[PDB]
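In what follows, a structure is listed as structure tokens, so that the remarks can point back to it.
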Amino acid sequence: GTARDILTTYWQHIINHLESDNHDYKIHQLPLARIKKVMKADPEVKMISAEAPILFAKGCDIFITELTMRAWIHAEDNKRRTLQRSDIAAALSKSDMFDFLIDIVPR
Amino acid sequence: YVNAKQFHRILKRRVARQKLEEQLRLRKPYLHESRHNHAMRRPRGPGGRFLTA
Amino acid sequence: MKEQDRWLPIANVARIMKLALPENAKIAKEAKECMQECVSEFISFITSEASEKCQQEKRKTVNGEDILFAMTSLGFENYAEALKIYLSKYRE
DNA sequence: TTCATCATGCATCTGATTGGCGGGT
DNA sequence: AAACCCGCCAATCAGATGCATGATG
Ligand SMILES: O=S([O-])[O-]
């Protein structure tokens with residue numbers, strides 16, 4: 001049950017919880033109205049489906065969790081129990097999936 | 001080295017964020033003056049923790 | 001359109017981070033802010049891709065499958081395919 | 001024509017925002 | 001040593017949610 005071991009099985013657990021636990025499609029960790037406001041921030045975006053922020057609510061939950069666990073691995077390796085910004089910056093550089101954040105988290 | 005799948009969309013977003021900085025031209029220590037005041041005004045324990053009236 | 005409409009609330013982001021870490025763990029305020037900025041761009045980045053596809057196809061509504069298609073196109077196939085299972089449940 | 005589903009405005013009320021201190025980093 | 005800084009607490013009120021309406025395709 002090491003940090004790298006829970007990251008290795010991460011998507012196995014995500015899919016298990018998706019397939020088993022009975023979801024609440026109103027109650028989320030993130031508010032749907034703010035997700036929609038972020039989408040509406042783009043001038044090109046016109047109308048948004050009710051389903052879209054709901055997908056982003058779960059997607060962003062998975063995203064924050066995955067990146068936090070990646071950043072935590074870098075914190076453990078420096079024997080710190082406080083997660084720093086540099087731990088997140090280190091995690092982004094380990095996968096090209098995070099290249100879209102190049103301008104958000106420089107260096 | 002750039003994610004070929006994300007290259008076009010990254011530069012589309014960079015231009016889009018540049019417009020939005022130009023438009024929103026005007027982070028802060030606090031967002032709201034009313035909530036800042038509430039917290040400052042509020043009674044605290046000796047430890048600095050907020051408490052009930 | 002307010003200027004804080006771009007970002008999700010920091011407390012909600014910080015709670016998800018807290019749940020992802022061991023009970024004893026601490027999170028720097030810059031790490032909370034950095035994560036808030038990252039996850040907000042995640043939404044904007046994907047939504048922009050879905051948005052432009054809807055424009056070329058003369059559709060006004062950015063719908064659920066447009067988000068999944070965009071996620072696959074941009075290399076979030078794990079997110080696209082996981083949320084496809086989640087979507088079929090919601091519709092069920 | 002009808003149906004499914006969007007934005008908008010409004011009422012209700014809820015949880016995000018908030019900072020001084022101490023002890024762990 | 002000695003800076004540095006994040007979890008702890010709960011009340012106000014910015015805003016999230018949910019419903020009615022009209023628009024849209
Ligand atoms: O090289 S980055 O700017 O796509």
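What's counted below: heavy atoms across the whole structure, side chains too, no hydrogens, waters or symmetry copies. Convention: sequence-line order gives letters A, B, ...; per-chain numbering from 1.
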Value for CG (A:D87) from CG (A:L67), rounded to nearest 0.5 Å, stands at 10.5 Å
ask   = Are side-chain heavy atoms of C:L87 and C:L68 found at a separation under 4.5 Å?
value = yes
| Is B:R13 close to A:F100 at the side-chain level, that is, under 4.5 Å between some pair of heavy atoms? | no
Exercise. Under 4.0 angstrom, heavy atoms only, what part of the nucleic acid is A:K79 near: base, sugar-phosphate, or nothing?
Worked result: nothing
Check whether more than 12 heavy atoms from other residues, nucleotides or ligands sit under 6.0 Å from atom CG of B:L20, and answer yes or no. yes
**Asked** Does B:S34 put a side-chain nitrogen or oxygen below 4.0 Å from OP1 or OP2 of E:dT12?
**Response** no
- Message: It should be established whether A:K37 places a side-chain nitrogen or oxygen under 4.0 Å from OP1 or OP2 of nucleotide E:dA16.
- Response: yes
If pairing means Watson-Crick or G-U wobble with both distances under 3.5 Å, then the partner of D:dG23 is E:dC5
Comparing nearest nucleotides in DNA chain E, the 5'-proximal residue of the pair C:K18, C:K60 is C:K18
ask   = Looking at C:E65 and C:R59, does any basic side-chain N land under 4.0 Å from a carboxylate oxygen?
value = no
| request: Could you check if a side-chain atom of A:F98 sits within less than 4.5 angstrom of a side-chain atom of C:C38, using non-hydrogen atoms only? | output: no
Can you give me the N/O atom pairs linking the protein to nucleotides 6-8 of chain D at distances under 3.5 Å, or say none if there are none?
unit_1, atom_1, unit_2, atom_2, d
D:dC6, OP1, A:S49, OG, 2.7
D:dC6, OP1, A:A50, N, 3.2
D:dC6, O3', A:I48, O, 3.4
D:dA7, OP1, A:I48, N, 3.0
D:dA7, OP2, A:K36, NZ, 2.8

>> Between A:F56 and C:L83, is there a side-chain heavy-atom distance shorter than 4.5 Å?
In response: no
Per-nt protein contacts along nucleotides 18-25 of chain D (heavy atom under 4.0 Å; B base, S backbone sugar-phosphate only, - none) come out as BBBB---S
Between the CZ atom in A:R107 and the CG atom in A:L92, the distance rounded to the nearest 0.5 Å is 13.0 Å
Practice item. Please work out if C:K2 contacts a base, only the sugar-phosphate, or nothing of the nucleic acid, heavy-atom cut-off 4.0 Å. Key: sugar-phosphate
Q. Would you say a side-chain N or O of A:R34 is under 4.0 Å from OP1 or OP2 of E:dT17?
A. no
Classify C:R15 by what it touches in the nucleic acid, base, sugar-phosphate, or nothing, heavy-atom distance under 4.0 Å. sugar-phosphate
Apart from B:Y1 itself, members of its ILVMFWY cluster (side-chain separation under 4.5 Å) are none
